[PDB]
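**Q** First the structure, then my questions, so here it is.
Rule-based calculations on the coordinates, nothing more; no lab input. Backbone-built Cβ (ideal geometry, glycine too); neighbour counts: all protein chains shown.
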Amino acid sequence: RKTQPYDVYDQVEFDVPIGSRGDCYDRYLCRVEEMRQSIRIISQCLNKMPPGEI
Amino acid sequence: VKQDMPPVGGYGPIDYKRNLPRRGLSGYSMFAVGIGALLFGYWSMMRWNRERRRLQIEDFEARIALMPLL
């Protein structure tokens, strides 16, 4: 979503969690932070929906 | 036209960061509470064990008085 973006993901600002040890703990923390960033992207989407066709 | 659109002022702020409260006493406080409870229990057990020893001595001397007839 940050290097080879698709449809409108380049118009949305969000963070990318990065682990530091490779354990399962860092991956679980990364998934929780990805949930928080998903909430952030959902807010940005709800405040920026344009009119038009589908 | 009518369509699904956000309102004129937009939607409100949405919280998305972590919020831990950070609560409870300092560790010195629970250590002092535990030490005080330990001291209170020690004092009460001391008093009641001394009273129990006195009662046991009384019962034993009653037994010693009762022995010769038996």
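**Q** I'm trying to understand the selection: among the residues of segment A:1-12, which are touching a residue at least 12 places away in the same chain (Cβ under 8 Å) and assigned to a helix (DSSP H, G or I)?
**A** Scanning segment A:1-12 gives a single hit, A:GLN11.
**Q** Here's a follow-up. Pairs under 6 Å by beta carbon, first residue within 30 Å of A:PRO17 (Cβ to Cβ) in segment B:14-28, partner surrounded by 10 or more Cβ atoms within 10 Å (Cβ to Cβ) and of a type in the set (S, T, N, Q), six or more apart or different chains?
**A** Final answer for the pair search is B:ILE14/A:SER43.
**Q** Considering only residues that are away from every other protein chain (no Cβ under 14 Å) and of a type outside the set (A, V, I, L, M), which ones fall in segment B:1-38? Can you show your working first?
**A** Looking only at segment B:1-38, we keep the residues that are away from every other protein chain (no Cβ under 14 Å), and these are B:21-38.
Matches in segment B:1-38: B:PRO21, B:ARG22, B:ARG23, B:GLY24, B:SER26, B:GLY27, B:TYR28, B:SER29, B:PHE31, B:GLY34, B:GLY36.
Yes/no matrix, rows are residues, columns are (1) over 30 Å from A:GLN37 (Cβ atoms); (2) surrounded by 10 or more Cβ atoms within 10 Å (Cβ to Cβ):
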| position | (1), (2) |
| --- | --- |
| B:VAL8 | no, no |
| B:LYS17 | no, no |
| B:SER26 | yes, no |
| B:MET30 | yes, yes |
| B:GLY36 | yes, yes |
| B:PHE40 | yes, yes |
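**Q** Let me ask another. Which one of A:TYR6, A:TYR28 is surrounded by fewer than 11 Cβ atoms within 10 Å (Cβ to Cβ) and more than 9 Å from chain B (Cβ to nearest Cβ)?
**A** Values: A:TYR28 fails: surrounded by fewer than 11 Cβ atoms within 10 Å (Cβ to Cβ).
After applying the criteria, what remains is A:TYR6.
**Q** In the set A:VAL12, A:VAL16, which member is surrounded by 10 or more Cβ atoms within 10 Å (Cβ to Cβ), under 30 Å from B:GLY9 (Cβ atoms) and in contact with a helix residue (DSSP H, G or I) (Cβ under 8 Å, 6 or more places away or on another chain)?
**A** Working: A:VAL16 fails: under 30 Å from B:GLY9 (Cβ atoms).
One residue alone meets the criteria, A:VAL12.
**Q** Exactly one condition in (1) assigned to a loop (DSSP other than H, G, I, E, B); (2) within 27 Å of B:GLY12 (Cα to Cα) is not met by A:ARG36; state its number.
**A** Exception for A:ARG36: condition (1).
**Q** So which pairs qualify, if the first residue must be in segment A:13-42 and free of Cβ contacts under 8 Å to residues at least 60 places away in the same chain, the second must be assigned to a helix (DSSP H, G or I) and not hydroxyl-bearing (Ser, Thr, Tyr), the Cβ gap must be under 6 Å, and the two must be at least 6 apart or on different chains?
**A** That search, which allows pairs on different chains as well, returns A:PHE14/A:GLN37; A:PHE14/A:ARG40; A:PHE14/A:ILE41; A:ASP15/A:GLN37; A:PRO17/A:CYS30; A:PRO17/A:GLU33; A:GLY19/A:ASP26; A:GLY19/A:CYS30.
Per-residue answers, yes or no, for (1) over 30 Å from A:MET49 (Cβ atoms); (2) of a type outside the set (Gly, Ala, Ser):
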residue	(1), (2)
B:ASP4	no, yes
B:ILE14	no, yes
B:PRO21	yes, yes
B:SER29	yes, no
B:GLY34	yes, no
B:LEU38	yes, yes
B:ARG54	yes, yes
B:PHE60	yes, yes
B:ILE64	yes, yes
